A.B. asks: 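One structure is given below, represented as structure tokens, and several questions about it will come after.
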Amino acid sequence: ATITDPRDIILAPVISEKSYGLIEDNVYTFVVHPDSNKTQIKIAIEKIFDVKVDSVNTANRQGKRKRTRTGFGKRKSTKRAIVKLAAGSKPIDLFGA
Amino acid sequence: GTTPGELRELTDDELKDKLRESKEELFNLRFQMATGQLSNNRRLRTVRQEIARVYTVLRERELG
Amino acid sequence: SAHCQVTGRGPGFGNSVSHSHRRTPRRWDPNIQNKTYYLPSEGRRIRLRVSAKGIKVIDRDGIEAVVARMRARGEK
RNA sequence: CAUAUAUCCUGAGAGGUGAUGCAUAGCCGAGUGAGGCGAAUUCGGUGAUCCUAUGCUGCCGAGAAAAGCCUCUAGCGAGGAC
RNA sequence: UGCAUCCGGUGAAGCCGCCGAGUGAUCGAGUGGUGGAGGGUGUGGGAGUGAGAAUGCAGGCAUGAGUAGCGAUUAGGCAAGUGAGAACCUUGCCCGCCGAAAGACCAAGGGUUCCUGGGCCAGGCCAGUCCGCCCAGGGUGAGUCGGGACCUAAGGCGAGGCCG
RNA sequence: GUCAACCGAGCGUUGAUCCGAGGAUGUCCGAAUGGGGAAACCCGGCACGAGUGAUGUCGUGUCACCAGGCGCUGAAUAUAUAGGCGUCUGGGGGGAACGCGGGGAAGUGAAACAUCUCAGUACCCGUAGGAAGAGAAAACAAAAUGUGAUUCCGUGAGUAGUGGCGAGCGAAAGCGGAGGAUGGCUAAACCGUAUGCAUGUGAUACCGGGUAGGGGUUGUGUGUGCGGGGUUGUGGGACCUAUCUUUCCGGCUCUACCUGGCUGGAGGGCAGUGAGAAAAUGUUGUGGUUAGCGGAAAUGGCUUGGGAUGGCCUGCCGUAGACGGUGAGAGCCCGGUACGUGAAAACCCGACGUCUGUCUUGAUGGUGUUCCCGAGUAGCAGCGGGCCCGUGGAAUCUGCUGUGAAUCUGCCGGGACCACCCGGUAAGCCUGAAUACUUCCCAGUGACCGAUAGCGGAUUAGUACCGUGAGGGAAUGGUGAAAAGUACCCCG
């Protein structure tokens, strides 16, 4: 069988100045599965943090082509999901900001 | 962490519950690692192995 | 020629020209003749590309038994 | 039955609203740049290669399709529209 | 290489020399140096067996030569700074150039070149504290934009099919 | 895991890492197959399930085309078919070489060139299999009481011959050998049964004789299927026929009656997963393969040396002195070697049997006539191909087109052809071994290369790079025994 936990889509959070500022604005950015979609992510986030999500915005980020003696090498093309919770939304603690 | 010997005692529903719990632990651990709040990095491999064992057991019960 | 169905006669290949023994290649295509074959059990006529030898033999054996052998081979 | 400054449609643009907002010339210190306050905002003129315009006129060389939209019924129909 | 012998970390080969030898290719179980591990001799066997030339091939290095050139038609300068180091980087003030462009925005194409921080033996036709260079990290948020999920043109693929 | 360390975490005799086998999972593309598509990315339908206040969303399955069966339906249109719907089974593509069948160059050589050669090469196409193909005489041979499937090897022989008789090409028989299965089935004629089609002294006609029913052992024909029966050349086989005649029982044998064939059961053989019919099933082989394990004998002395694996001297093992490693030439330090062990499971070979098939109502050997012995075939002609044979007197074989027979006193071949004689018995099928090859795997070898060599590739290798693309296509090895990889100070 397969268990479609919503936590398989949500891979990791993003830790950056921009992510922290958006956290102050109550907007949390995650690294999601590249084959996911906004509605899937909304449902997953809701089921995970027991919260209500206003919008979800996705940006696909190509991988950096880094060089080496062998030649060149490319990192992974990630997918970021920026998630605006609703007004109150009982915010998240798991980011360790 | 847990053994197949002691996973085969459990039921399908207990296994699925343990699977959900292990996926939750893995989620929390990925977040801890991203934030730097994880010393024990091997918990991730451990939990992935637990998930694999559980899926293996369930498929084994499905087939024979 | 159009590569018969009941008898499978395909073209032979060779080289034909004299007076210098040049031997430029050609083909010796069969006498394929469009024929509307009917099966008096079902009296409708389907257009086939068959050989003249096939026609002679199939007038010898009737359309029926040779059509049995033909459908047994499975060709259309 | 009518030839209608009738009616309908289309439609630039004007005006209103949007706008008690926003922005701004400038002013305060602050000097990394964080901010804060904030005047009047009427008249004309010129004037598009842009809009009305997928128009109008003229011409021959005689100028995409399909979706879409509208309508028709066939049909569905006991719930349905606004 | 077969066989038999011999030498060798008490220093083989290779390389550089000295002193010499042979009619010649060449020799040196004569010597030193360097070096560090396999070689010599005789007798046979077999050869990828000998290069100076092929406008030969590859590599390295010369000659020209510290020579030409250092890539437009705009033009740079002063002060101050930074720094080991400044014609070139930074700031300010001047001057000058474009101004249907040498401005601003897109497509195509490129693909991270963007931003921040750091660096400076390569690159930049000089130098370089600078950089489109190097390193690390970050960065691209769409119901309405451009596209798909709507439509078809040319044209393409083309169930079956026909023809071959 | 590693380049390739470092950091941080941990695991492990409760047996990790690692090795082998079997399984599970196995995104997306790709035959690619739900549909689309610029391959690896876009859009879905249906069913089930989850999730939502519901739409959205998620997951699991499934959904290509074609062929062949099976079932339903059966257009114009009536028969009916084409077709449509459903289901099931399969294919599709890749692969280094080898194979079979087809197609088929040119450079070149001929000192030109066209015939010819190159060459049936390269290339292409279609197809396979682990081998293939061929193969059980319508053969060879030459009068020998001959051989006796096929393939392959060597010879025959660079011969006979062929050839613008030029360049060149080039057999076969026969012989010696490999391997041996001189192997096995069938169609036909006759019966029997079933069935389709058309019909019916429709009864004196449907078993074998005679009686009686029966209204058909159809009056039948005719075609097909099935089963028998028959598979050959000294011709054989069938139909008739006659002598002998190895098992038992039952039911039919149109019907009951005596007597002639068939069909079931039983003892038994005979074979078998094979070409000769086909699967499954077990038990079981210190049989094998896929991990490995053990495995003798020097801390020997002296000396040199950084180090002994060198030298000198002592011993020792040896079914082990093979090859490597270890601080320099190590049998006795290590991995190992000789040698010997080892498989839970999977797989492959066997054996034993279940089981399957067949014979078993059977054969034996004889006598004289009709029937059969593979048909659009052979043969013939025309044009061609290939055979040594280049159309020549050109057989044999073979493609196309026409024409077109005979079934044994028949036909084919024995190098035009005729006669005789001999051999064989086409037009139907199958068939192992000897033979060819190596993408890949294992173990090994080299008077093979040893980094401009050897694979292009010891290294980032079909990479970087070049090119739109097909495609082309590099260079780059060595510290040292051990990083002990130069702390620290000085110039900078």
Side-chain angles (χ1 to χ4, degrees), chain A residues 1-5 8-12 31-41 44 56-81, chain B residues 45 48-49 51-53 55-64, chain C:
Chain A
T2 188
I3 314 313
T4 60
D5 207 82
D8 295 353
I9 303 304
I10 314 314
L11 309 176
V31 181
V32 310
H33 196 258
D35 300 81
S36 63
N37 64 68
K38 290 171 178 180
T39 313
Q40 180 165 25
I41 290 154
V56 180
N57 279 3
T58 57
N60 272 312
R61 185 86 71 70
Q62 285 288 293
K64 295 198 191 191
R65 214 175 64 180
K66 296 279 171 175
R67 62 163 58 252
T68 173
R69 199 179 151 275
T70 69
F72 275 58
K74 194 184 272 282
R75 307 190 175 165
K76 61 181 170 178
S77 280
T78 60
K79 186 165 185 175
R80 273 148 162 72
Chain B
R45 187 189 273 99
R48 287 201 319 273
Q49 284 177 356
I51 292 155
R53 286 182 204 116
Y55 272 123
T56 294
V57 168
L58 295 166
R59 185 63 174 169
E60 270 167 6
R61 293 189 182 171
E62 284 162 24
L63 306 156
Chain C
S1 282
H3 200 164
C4 174
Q5 303 162 11
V6 309
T7 54
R9 282 180 198 270
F13 295 78
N15 308 262
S16 118
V17 34
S18 292
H19 306 176
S20 308
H21 200 251
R22 203 75 156 68
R23 288 160 74 264
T24 37
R26 66 148 309 154
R27 274 160 44 168
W28 253 271
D29 315 289
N31 199 355
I32 305 297
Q33 291 289 319
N34 46 3
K35 182 65 69 153
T36 61
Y37 273 171
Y38 62 99
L39 288 58
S41 61
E42 45 256 23
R44 283 170 66 257
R45 321 200 305 153
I46 189 69
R47 194 163 300 200
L48 303 192
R49 297 150 289 166
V50 310
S51 55
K53 292 284 185 70
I55 288 152
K56 207 200 285 188
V57 176
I58 287 185
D59 209 48
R60 162 171 284 189
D61 311 316
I63 305 291
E64 283 285 355
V66 58
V67 162
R69 283 174 177 278
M70 172 54 163
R71 297 179 307 163
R73 261 180 294 279
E75 303 142 1
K76 265 59 171 169

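Chain letters run A, B, ... following the sequence lines, proteins first and then strands; every chain starts at 1.
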A.B. asks: Under 6.0 Å from the CZ atom of C:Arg69, do we count more than 12 heavy atoms belonging to anything else shown?
C.D. replies: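 Open.
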A.B. asks: Checking C:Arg26 now: which residues fulfil side-chain contact (heavy atoms from CB on, under 4.5 Å) with it, not counting sequence neighbours?
C.D. replies: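 Partners of C:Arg26 under the side-chain contact (heavy atoms from CB on, under 4.5 Å) test: C:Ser16, C:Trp28.
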A.B. asks: Within the distance-only criterion (no hydrogens, no angle test), does the side chain of A:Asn37 pair as donor or acceptor with the backbone N or O of A:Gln40 below 3.5 angstrom?
C.D. replies: yes
A.B. asks: Of all heavy-atom pairs between A:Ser36 and A:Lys79, which one has the smallest distance, and what is that distance?
C.D. replies: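 In terms of heavy atoms, the two residues are closest at O-NZ, 2.7 Å.
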A.B. asks: Check side-chain contact (heavy atoms from CB on, under 4.5 Å) between A:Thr68 and all other residues, then give those that pass, not counting sequence neighbours.
C.D. replies: A:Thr70
A.B. asks: So B:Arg53 and B:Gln49, side-chain hydrogen bond (donor to acceptor under 3.5 Å, both in side chains) or not? Walk me through it.
C.D. replies: CA-CA 6 Å; B:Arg53 286 182 204 116; B:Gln49 284 177 356; 3.2 Å; yes
A.B. asks: Could you state the interatomic distance from CD1 (C:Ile58) to OG1 (C:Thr7), rounded to the nearest 0.5 Å?
C.D. replies: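 Spacing of CD1 (C:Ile58) from OG1 (C:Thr7) equals 7.5 Å.
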A.B. asks: Do C:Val6 and C:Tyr37 come within less than 4.5 Å of each other through their side chains, counting heavy atoms only?
C.D. replies: yes
A.B. asks: Any donor and acceptor pair, going by atom type alone, linking the side chain of B:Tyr55 with main-chain N or O of A:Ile3 inside 3.5 Å?
C.D. replies: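 Between the backbone of A:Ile3 and the side chain of B:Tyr55 there is a qualifying donor-acceptor contact (under 3.5 Å).
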A.B. asks: How close do C:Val66 and C:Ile63 get, heavy atom to heavy atom, and via which atoms?
C.D. replies: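 Residues C:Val66 and C:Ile63, closest heavy atoms: CG1-O, 3.3 Å.
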A.B. asks: Looking at side-chain heavy atoms only, is the closest gap between A:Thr58 and A:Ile41 below 4.5 Å?
C.D. replies: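 They are in contact (side-chain heavy atoms under 4.5 Å apart), so the answer is yes.
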A.B. asks: How long is the gap from CD1 on A:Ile9 to CG on A:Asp35, to the nearest 0.5 Å?
C.D. replies: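 Answer for the CD1-CG pair, A:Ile9 versus A:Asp35, is 8.5 Å.
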A.B. asks: Please report the interatomic distance CZ(C:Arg27) to CZ(C:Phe13), rounded to the nearest 0.5 Å.
C.D. replies: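 Interatomic distance, C:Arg27 CZ to C:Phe13 CZ, rounded to 0.5 Å: 5.0 Å.
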A.B. asks: Supply the atom-to-atom distance C:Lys35 NZ to C:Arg45 CZ, rounded to the nearest 0.5 angstrom.
C.D. replies: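 The NZ atom of C:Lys35 sits 9.0 Å away from the CZ atom of C:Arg45.
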A.B. asks: Check the pair A:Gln62, A:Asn60 against side-chain hydrogen bond (donor to acceptor under 3.5 Å, both in side chains), reporting the backbone distance first and the verdict last.
C.D. replies: CA-CA 7 Å; A:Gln62 285 288 293; A:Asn60 272 312; over 6 Å; no
A.B. asks: Any non-hydrogen side-chain atom of A:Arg75 less than 4.5 Å from a side-chain atom of A:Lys66?
C.D. replies: yes
A.B. asks: Look up atom CZ in A:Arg65 and atom CZ in A:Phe72, then write down how far apart they are to the nearest 0.5 Å.
C.D. replies: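 Taking CZ in A:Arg65 and CZ in A:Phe72, the distance rounds to 5.5 Å.
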A.B. asks: Taking salt bridge (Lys or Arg N to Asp or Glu O under 4.0 Å) as the definition, give me every residue that meets it alongside C:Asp61, ordered by chain and number, with sequence neighbours left out.
C.D. replies: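 Testing C:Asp61 for salt bridge (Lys or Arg N to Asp or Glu O under 4.0 Å), a comparison that skips the adjacent residues, returns none.
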A.B. asks: What residues, two or more places apart in sequence or in another chain, satisfy side-chain contact (heavy atoms from CB on, under 4.5 Å) together with C:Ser1?
C.D. replies: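 With neighbours one apart ignored, the set is C:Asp29, C:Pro30, C:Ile32.
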A.B. asks: What residues, two or more places apart in sequence or in another chain, satisfy side-chain hydrogen bond (donor to acceptor under 3.5 Å, both in side chains) together with C:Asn15?
C.D. replies: none
A.B. asks: Suppose we screen for side-chain contact (heavy atoms from CB on, under 4.5 Å). Which residues come up paired with C:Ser41, at least two apart in sequence or across chains?
C.D. replies: C:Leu39, C:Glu64
A.B. asks: Looking at every non-hydrogen atom in both residues, tell me the closest pair between C:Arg49 and C:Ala2 and how far apart they are.
C.D. replies: CD-CB, 4.0 Å
A.B. asks: Between C:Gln5 (side chain) and C:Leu48 (backbone), is there a donor-acceptor pair under 3.5 Å?
C.D. replies: no
A.B. asks: Looking at every non-hydrogen atom in both residues, tell me the closest pair between C:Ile55 and C:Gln33 and how far apart they are.
C.D. replies: CD1-CB, 4.1 Å
A.B. asks: So how far is it from C:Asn34 CG to C:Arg47 CZ, rounded to the nearest 0.5 Å?
C.D. replies: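 The distance works out to 6.5 Å.
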A.B. asks: Indicate the atoms forming the closest heavy-atom contact of C:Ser51 with C:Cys4, along with that distance.
C.D. replies: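 Minimum heavy-atom separation between C:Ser51 and C:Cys4: N-SG, 3.6 Å.
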A.B. asks: Within the 4.5 Å heavy-atom criterion, are A:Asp8 and A:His33 side-chain neighbours or not?
C.D. replies: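 The answer is no, as the side chains (C-beta and beyond) never meet within the 4.5 Å cut-off.
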